[PDB]
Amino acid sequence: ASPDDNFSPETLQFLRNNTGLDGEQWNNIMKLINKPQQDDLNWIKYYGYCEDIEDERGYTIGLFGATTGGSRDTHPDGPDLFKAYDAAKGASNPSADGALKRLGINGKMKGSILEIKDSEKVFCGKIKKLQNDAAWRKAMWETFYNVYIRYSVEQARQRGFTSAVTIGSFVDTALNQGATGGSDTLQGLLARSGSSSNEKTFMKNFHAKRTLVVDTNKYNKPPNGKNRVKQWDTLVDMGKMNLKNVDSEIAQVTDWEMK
């Protein structure tokens, strides 16, 4: 089948118009993101993913591991995901509070965190049932774009970089470690990575800076973070910057055991 078939028509077109990348390229980026999040490449199965992974971020949800919030993530992306779901369901004044009411979940915003009073079995049971919900899937792509992809593509383009590998690597860093804010976010790592106009030189240095922190602060369990960055770095070394006609290379660089 065509890799394009893994996206809604609206998402396929929006990603092409706003990121320059096609369905094969985005499908490949998603395979590469999904490996360290779920230990497989079948990303389309994970819209309804929900789990408390005990990392002090609350519950982790969906394709990009949106979090509801906790002591290790006090500016989480999960509230925006829920607000976007409320909006996609037709709410006149969409909000995270409203999405949880709609879903029959006992929870609400407390500051910038979503406080969930339901048990994990109850909360995650309701989220799992959204796997095939069109409004949820729409909200999930809208939020992925708004929080991580738009900023990542802006940062690539401002350096003259447009390749699928560079955008993918920036997007993986942003969703894993945060887009903006602290030293380990995409913004913070870009600040440490210098000003080379050569895409290969720049990305090799960026990957090296990311490798120093990717297995810290519970972003990943070591050596899973080191291996996730190695995926992108190996693709740069291989010169496969466009992520087209790379099925065997993706199978190779994702061939690492998850701890």
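Note that residue numbering follows the sequence shown and begins at 1.
Between 164 to 172 and 108 to 116, the higher mean Cα B-factor belongs to 108 to 116.
Mean CA B-factor, 147 to 155 versus 126 to 134: the higher value falls on 126 to 134. When the C-alpha B-factors of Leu81, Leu189, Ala88, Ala179 are read from the PDB record, the largest value belongs to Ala88. As recorded in the PDB entry, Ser197 shows the highest C-alpha B-factor of the residues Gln37, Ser197, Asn217, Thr68. Ranked by Cα temperature factor within the chain, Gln25 sits in the lowest third according to the deposited record. Per the PDB record, residue ranking by Cα B-factor puts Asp184 in the lowest third of the chain. Sorting the modelled residues of the chain by their CA temperature factor places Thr11 in the middle third.
Among all modelled residues in this chain, the alpha-carbon of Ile44 has a temperature factor (C-alpha) in the middle third. Ranked within its chain, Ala208 lands in the lowest third, by CA B factor from the PDB record.
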